[PDB]
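Colleague: PDB entry and its sequence, pasted below:
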Amino acid sequence: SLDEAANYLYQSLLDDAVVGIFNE
Amino acid sequence: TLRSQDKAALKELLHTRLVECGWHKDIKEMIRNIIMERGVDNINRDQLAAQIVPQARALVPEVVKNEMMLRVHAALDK
């Protein structure tokens, strides 16, 4: 049940790392 | 249902692996290459961070992905 939820965390932190780059 | 302490750390860690392993370099290649072919004013940004989000997840070495899914479990379940 947390399975789907662990995948949302990782995927959200990763999409946020792309923006990290993207801003500068 | 996270201790927001851990969140900060997980975010700091992902950044450290992604620098080391070349993920940082390749994503900046991709952007520079896409923009160079598009035109800057021509682009419709987020028509842009949306487009490459599939590619960026799948560029992640499976070793990196595994350490991350390690700590994310050791947190989501205490």
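Modeller: Thanks, I have it. Numbers count the residues shown, from 1 in each chain, chains lettered A, B, ... in the order given.

Colleague: count the residues that sit near the residue lying closest to residue B:53 once chain neighbours are set aside.
Modeller: Distance criterion CB to CB, 6 or more residues apart in numbering or on different chains; nearest residue to residue B:53, sequence neighbours excluded, is residue A:15 at 6.0 Å. Just so you know, the C-beta spots here come from the backbone N, C-alpha and C atoms, and that holds for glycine as well. By other CB atoms under 10 Å in any protein chain shown, 15 other residues sit near residue A:15.

Colleague: residue A:15 against residue B:50, yeah?
Modeller: No. Applying CB atoms under 8 Å, one finds residue A:15 not in contact with residue B:50, separated by 9.9 Å.

Colleague: which residues of chain B lie near chain A?
Modeller: B:2, B:10-11, B:14-15, B:18, B:24, B:27-28, B:31, B:49, B:52-53, B:56-57, B:60, B:65, B:68-69, B:72-73, B:76-77 (CB under 8 Å from any CB of the partner chain).

Colleague: what ranges does chain B have for its strands?
Modeller: Counting by DSSP state E, chain B has no strands to list.
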